[PDB]
Amino acid sequence: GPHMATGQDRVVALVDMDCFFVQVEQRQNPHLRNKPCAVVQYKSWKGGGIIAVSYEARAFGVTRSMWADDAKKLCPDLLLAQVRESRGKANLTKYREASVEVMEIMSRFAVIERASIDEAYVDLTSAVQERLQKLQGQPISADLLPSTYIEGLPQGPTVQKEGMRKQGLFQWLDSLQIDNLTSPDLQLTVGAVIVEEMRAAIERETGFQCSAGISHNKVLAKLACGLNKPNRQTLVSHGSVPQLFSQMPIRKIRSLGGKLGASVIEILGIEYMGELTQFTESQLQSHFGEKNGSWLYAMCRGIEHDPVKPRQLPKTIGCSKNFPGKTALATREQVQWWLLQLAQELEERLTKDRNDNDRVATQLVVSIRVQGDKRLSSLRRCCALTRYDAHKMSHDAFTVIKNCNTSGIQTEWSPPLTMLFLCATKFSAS
DNA sequence: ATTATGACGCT
DNA sequence: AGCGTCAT
Ligand SMILES: Nc1nc2c(ncn2[C@H]2C[C@H](O)[C@@H](COP(=O)(O)NP(=O)(O)OP(=O)(O)O)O2)c(=O)[nH]1
Ligand SMILES: [Mn+2]
Ligand SMILES: [Mn+2]
């Protein structure tokens with residue numbers, strides 16, 4: 001009872017940009033705004049592969065991973081923007097730069113963890129304590145939460161979406177105890193006020209809209225974020241967890257969408273996250289290992305301890321290209337030329353990184369995939385990265401992979417290569 | 001013939 | 001160190 005810690009110590013938010021690459025292209029080209037739109041890489045094969053989709057186009061069934069020609073079948077008026085091509089490959093620099101714009105705004109409010117190109121976790125615990133001090137026990141007006149949903153409300157005792165949103169918000173605000181500066185629900189509420197301000201700042205200063213989740217830990221904040229997209233934020237309280245999880249498929253929780261989540265379902269004979277509460281911690285550890293078992297035991301009760309890491313910059317800088325089917329590389333000249341193309345993009349990105357961020361990579365990882373191997377990487381080898389020089393990096397990558405070529409002929413490469421990947425790692429301050 | 005990345009756990 | 005998983 002009283003000693004049962006409830007995972008309510010922290011206020012954590014997850015901010016994710018809506019259809020991010022689409023918004024970057026719509027900012028640049030106003031003709032694409034408020035239209036069914038998607039972003040594609042390449043063009044020749046089936047119109048290019050879609051990687052981002054506006055919500056207008058999603059209404060027609062267009063999704064990521066779709067070929068643009070098939071998307072056009074679902075939505076003939078779909079508008080398309082193509083990713084830049086440089087040195088024969090997709091080049092994502094425009095989106096990385098746009099991402100920096102958003103991350104620097106977020107960093108004004110709190111220290112952030114860059115989780116991907118378009119999402120960051122925010123630990124708001126201290127900022128909430130400060131705003132609470134300033135409030136002096138003043139209640140929180142619904143005007144301060146104009147885009148916030150309270151998950152699970154309204155309950156009990158209407159037809160429009162905004163009306164439902166406001167009804168639930170009113171129930172939540174009416175039940176708040178604002179004289180208690182340590183009430184977790186009040187703390188989450190103040191956290192949501194701050195996130196409204198953060199999202200307003202991002203949109204004012206970049207033009208980009210985003211969604212957000214506010215809860216007591218990273219997993220719940222990320223799930224909350226997905227509940228009301230686009231351009232809205234969602235508060236998931238500790239108390240909302242039993243009902244939310246009672247019908248939540250296990251695969252919806254971050255890290256359970258793959259083989260481990262499938263094993264949870266199959267071994268335990270369950271479907272929903274809340275069913276996990278009926279097992280002891282030792283039972284879960286027996287099936288899924290000590291770490292996963294402890295994590296699952298806490299997570300199905302809404303509890304997770306993973307910290308928001310103070311990290312705004314990526315830990316690695318990499319360049320990769322697939323060479324599918326008949327485009328697979330089968331000569332030494334080919335392999336060398338593409339290693340050079342990748343290495344030249346890498347050099348450019350690394351030099352700009354060193355100038356911006358006062359650090360230098362020290363290790364080069366070379367990964368290849370060979371024809372007939374279904375794995376992502378067939379082989380990974382590291383070497384030293386001592387100079388930011390594309391010719392040296394590509395020569396070193398060749399040296400560490402060249403023993404793969406099973407061809408007796410010097411000129412031929414067998415079996416042919418269907419992927420090259422160069423990744424700079426192990427950064428040191430410079 | 002999804003593709004291009006990135007984080008992180010295991011041994 | 002090199003490989004596998006999860007993500008998207
Ligand atoms: N190169 C590449 N980029 C990708 C891929 N998948 C996503 N991206 C890029 C394009 C995406 O815009 C961006 C962010 O990924 P999300 O948050 O997963 N999707 P979004 O922000 O579009 O929609 P939502 O409103 O539902 O969050 O990453 C991929 O497979 N390859
Ligand atoms: Mn997004
Ligand atoms: Mn994202």
# chains A, B, ... in the order shown; residues from 1 in each chain; ligands from 1
>>> select_by_dssp(residues="range 40-146 of chain A", states="strand (DSSP E or B)", output="NGL selection string")
:A and (40-41 or 49-53 or 67 or 79-82 or 85-86 or 89-90 or 112-116 or 119-123)
>>> interface_residues(of="chain A", to="chain B", cutoff="10 Å", atoms="only C-alpha atoms (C1' of nucleotides)", output="mmCIF file with N, CA and C atoms, in the first residue's frame")
data_model
loop_
_atom_site.group_PDB
_atom_site.id
_atom_site.type_symbol
_atom_site.label_atom_id
_atom_site.label_comp_id
_atom_site.auth_asym_id
_atom_site.auth_seq_id
_atom_site.Cartn_x
_atom_site.Cartn_y
_atom_site.Cartn_z
ATOM 1 N N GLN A 41 11.275 8.741 -52.302
ATOM 2 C CA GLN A 41 12.684 8.664 -52.701
ATOM 3 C C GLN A 41 12.804 7.891 -54.006
ATOM 4 N N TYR A 42 13.572 8.460 -54.947
ATOM 5 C CA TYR A 42 13.752 7.941 -56.306
ATOM 6 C C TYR A 42 12.460 8.049 -57.103
ATOM 7 N N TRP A 45 11.610 3.358 -60.460
ATOM 8 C CA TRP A 45 10.923 2.101 -60.080
ATOM 9 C C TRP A 45 9.583 2.385 -59.404
ATOM 10 N N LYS A 46 8.484 2.146 -60.125
ATOM 11 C CA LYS A 46 7.104 2.275 -59.579
ATOM 12 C C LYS A 46 6.822 3.675 -59.023
ATOM 13 N N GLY A 48 8.762 5.649 -57.314
ATOM 14 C CA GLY A 48 9.462 5.995 -56.071
ATOM 15 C C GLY A 48 8.747 5.491 -54.840
ATOM 16 N N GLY A 49 9.504 5.268 -53.772
ATOM 17 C CA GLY A 49 8.929 4.751 -52.523
ATOM 18 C C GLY A 49 8.525 5.865 -51.585
ATOM 19 N N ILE A 50 7.278 5.839 -51.130
ATOM 20 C CA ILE A 50 6.771 6.897 -50.247
ATOM 21 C C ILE A 50 7.304 6.701 -48.834
ATOM 22 N N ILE A 51 7.811 7.777 -48.231
ATOM 23 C CA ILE A 51 8.274 7.726 -46.848
ATOM 24 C C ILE A 51 7.506 8.647 -45.902
ATOM 25 N N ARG A 64 3.147 5.208 -45.804
ATOM 26 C CA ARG A 64 4.569 4.958 -46.012
ATOM 27 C C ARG A 64 4.764 3.515 -46.463
ATOM 28 N N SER A 65 5.867 3.269 -47.182
ATOM 29 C CA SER A 65 6.261 1.996 -47.782
ATOM 30 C C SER A 65 5.531 1.749 -49.104
ATOM 31 N N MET A 66 4.574 2.582 -49.487
ATOM 32 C CA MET A 66 3.838 2.379 -50.729
ATOM 33 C C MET A 66 4.640 2.912 -51.917
ATOM 34 N N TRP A 67 4.554 2.223 -53.060
ATOM 35 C CA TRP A 67 5.073 2.790 -54.303
ATOM 36 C C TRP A 67 4.175 3.937 -54.746
ATOM 37 N N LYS A 89 22.638 9.103 -54.854
ATOM 38 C CA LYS A 89 21.871 8.540 -53.757
ATOM 39 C C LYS A 89 20.946 9.591 -53.167
ATOM 40 N N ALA A 90 19.972 9.113 -52.402
ATOM 41 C CA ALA A 90 19.121 10.020 -51.645
ATOM 42 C C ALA A 90 19.958 10.817 -50.653
ATOM 43 N N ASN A 91 19.625 12.098 -50.507
ATOM 44 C CA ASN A 91 20.341 13.004 -49.612
ATOM 45 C C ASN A 91 19.333 13.703 -48.720
ATOM 46 N N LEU A 92 19.396 13.448 -47.414
ATOM 47 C CA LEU A 92 18.351 13.931 -46.506
ATOM 48 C C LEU A 92 18.750 15.195 -45.742
ATOM 49 N N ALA A 115 15.171 11.481 -29.998
ATOM 50 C CA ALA A 115 14.878 10.071 -30.227
ATOM 51 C C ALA A 115 14.879 9.718 -31.706
ATOM 52 N N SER A 116 14.615 10.688 -32.580
ATOM 53 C CA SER A 116 14.672 10.435 -34.014
ATOM 54 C C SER A 116 14.799 11.782 -34.706
ATOM 55 N N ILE A 117 14.798 11.765 -36.041
ATOM 56 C CA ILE A 117 14.895 13.023 -36.781
ATOM 57 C C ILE A 117 13.771 13.982 -36.421
ATOM 58 N N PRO A 314 22.663 13.397 -32.773
ATOM 59 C CA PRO A 314 22.817 11.960 -33.048
ATOM 60 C C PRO A 314 24.178 11.448 -32.586
ATOM 61 N N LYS A 315 24.208 10.168 -32.160
ATOM 62 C CA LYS A 315 25.440 9.516 -31.712
ATOM 63 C C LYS A 315 26.294 9.006 -32.862
ATOM 64 N N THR A 316 25.708 8.845 -34.048
ATOM 65 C CA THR A 316 26.407 8.317 -35.211
ATOM 66 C C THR A 316 26.021 9.151 -36.421
ATOM 67 N N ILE A 317 26.872 9.118 -37.444
ATOM 68 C CA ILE A 317 26.566 9.756 -38.722
ATOM 69 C C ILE A 317 26.835 8.742 -39.835
ATOM 70 N N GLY A 318 25.780 8.306 -40.532
ATOM 71 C CA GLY A 318 25.914 7.240 -41.503
ATOM 72 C C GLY A 318 25.254 7.548 -42.836
ATOM 73 N N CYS A 319 25.677 6.764 -43.836
ATOM 74 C CA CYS A 319 25.385 6.864 -45.265
ATOM 75 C C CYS A 319 25.133 5.451 -45.765
ATOM 76 N N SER A 320 23.981 5.185 -46.384
ATOM 77 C CA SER A 320 23.763 3.841 -46.892
ATOM 78 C C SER A 320 22.972 3.879 -48.193
ATOM 79 N N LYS A 321 23.193 2.842 -49.006
ATOM 80 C CA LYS A 321 22.468 2.684 -50.264
ATOM 81 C C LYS A 321 22.270 1.210 -50.576
ATOM 82 N N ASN A 322 21.016 0.854 -50.856
ATOM 83 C CA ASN A 322 20.656 -0.437 -51.417
ATOM 84 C C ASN A 322 20.889 -0.471 -52.926
ATOM 85 N N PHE A 323 21.155 -1.676 -53.420
ATOM 86 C CA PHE A 323 21.383 -1.939 -54.838
ATOM 87 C C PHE A 323 20.586 -3.197 -55.143
ATOM 88 N N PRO A 324 19.277 -3.065 -55.330
ATOM 89 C CA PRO A 324 18.416 -4.244 -55.432
ATOM 90 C C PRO A 324 18.473 -4.885 -56.809
ATOM 91 N N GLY A 325 18.037 -6.147 -56.837
ATOM 92 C CA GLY A 325 17.946 -6.954 -58.039
ATOM 93 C C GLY A 325 19.139 -6.868 -58.966
ATOM 94 N N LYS A 326 18.889 -6.414 -60.192
ATOM 95 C CA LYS A 326 19.906 -6.368 -61.231
ATOM 96 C C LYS A 326 20.841 -5.176 -61.108
ATOM 97 N N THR A 327 20.621 -4.294 -60.140
ATOM 98 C CA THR A 327 21.529 -3.173 -59.915
ATOM 99 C C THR A 327 22.638 -3.503 -58.923
ATOM 100 N N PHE A 421 27.114 0.540 -46.664
ATOM 101 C CA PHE A 421 26.750 1.333 -45.487
ATOM 102 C C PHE A 421 28.043 1.767 -44.806
ATOM 103 N N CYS A 423 29.379 4.227 -41.586
ATOM 104 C CA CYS A 423 28.835 4.929 -40.426
ATOM 105 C C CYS A 423 29.980 5.346 -39.506
#
>>> residues_around(residues="residue 411 in chain A", least_positions_apart="2", cutoff="7 Å", atoms="only C-alpha atoms (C1' of nucleotides)", output="PyMOL selection string")
chain A and resi 331-332+409+413
>>> interface_residues(of="chain C", to="chain A", cutoff="8 Å", atoms="only C-alpha atoms (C1' of nucleotides)", output="ChimeraX atom specification")
/C:2,5-6
>>> closest_atom_pairs(of="chain A", to="ligand 3", cutoff="12 Å", atoms="only C-alpha atoms and all ligand atoms", output="Markdown table")
| residue | atom | partner | partner_atom_place_in_ligand_line | distance |
| --- | --- | --- | --- | --- |
| A:14 | CA | ligand 3 | 1 (Mn) | 9.8 |
| A:15 | CA | ligand 3 | 1 (Mn) | 8.5 |
| A:16 | CA | ligand 3 | 1 (Mn) | 5.4 |
| A:17 | CA | ligand 3 | 1 (Mn) | 6.7 |
| A:18 | CA | ligand 3 | 1 (Mn) | 8.1 |
| A:19 | CA | ligand 3 | 1 (Mn) | 8.5 |
| A:20 | CA | ligand 3 | 1 (Mn) | 8.0 |
| A:21 | CA | ligand 3 | 1 (Mn) | 10.5 |
| A:51 | CA | ligand 3 | 1 (Mn) | 11.8 |
| A:52 | CA | ligand 3 | 1 (Mn) | 10.6 |
| A:99 | CA | ligand 3 | 1 (Mn) | 11.0 |
| A:114 | CA | ligand 3 | 1 (Mn) | 10.3 |
| A:115 | CA | ligand 3 | 1 (Mn) | 8.0 |
| A:116 | CA | ligand 3 | 1 (Mn) | 6.1 |
| A:117 | CA | ligand 3 | 1 (Mn) | 6.9 |
| A:118 | CA | ligand 3 | 1 (Mn) | 5.0 |
| A:119 | CA | ligand 3 | 1 (Mn) | 5.0 |
| A:120 | CA | ligand 3 | 1 (Mn) | 8.5 |
| A:121 | CA | ligand 3 | 1 (Mn) | 11.0 |
| A:210 | CA | ligand 3 | 1 (Mn) | 10.1 |
| A:211 | CA | ligand 3 | 1 (Mn) | 10.1 |
| A:212 | CA | ligand 3 | 1 (Mn) | 10.8 |
| A:222 | CA | ligand 3 | 1 (Mn) | 9.7 |
| A:223 | CA | ligand 3 | 1 (Mn) | 11.9 |
| A:225 | CA | ligand 3 | 1 (Mn) | 10.2 |
| A:226 | CA | ligand 3 | 1 (Mn) | 10.1 |
>>> closest_residue(among="A:272, A:208, A:149, A:279", to="ligand 1", atoms="only C-alpha atoms and all ligand atoms")
A:208
>>> atom_distance(atom1="CA of residue 78 in chain A", atom2="CA of residue 57 in chain A")
6.9 Å
>>> atom_distance(atom1="CA of residue 204 in chain A", atom2="CA of residue 136 in chain A")
29.0 Å
>>> residues_around(residues="residue 27 in chain A", least_positions_apart="5", cutoff="9 Å", atoms="only C-alpha atoms (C1' of nucleotides)", output="number ranges by chain")
A: 22, 32-33, 206-208
>>> write_last_selection(atoms="C-alpha atoms", output="tab-separated table (two decimals), in the first residue's frame")
chain	number	residue	atom	x	y	z
A	22	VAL	CA	5.82	16.55	-45.96
A	32	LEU	CA	1.57	21.72	-51.63
A	33	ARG	CA	-0.08	23.12	-48.48
A	206	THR	CA	9.23	27.28	-37.92
A	207	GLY	CA	5.74	26.90	-39.37
A	208	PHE	CA	5.74	23.22	-38.38
>>> atom_distance(atom1="CA of residue 174 in chain A", atom2="CA of residue 154 in chain A")
11.8 Å
>>> select_by_dssp(residues="range 164-395 of chain A", states="alpha helix (DSSP H)", output="PyMOL selection string")
chain A and resi 164-174+184-206+218-227+241-246+259-268+281-288+290-299+332-357+390-395
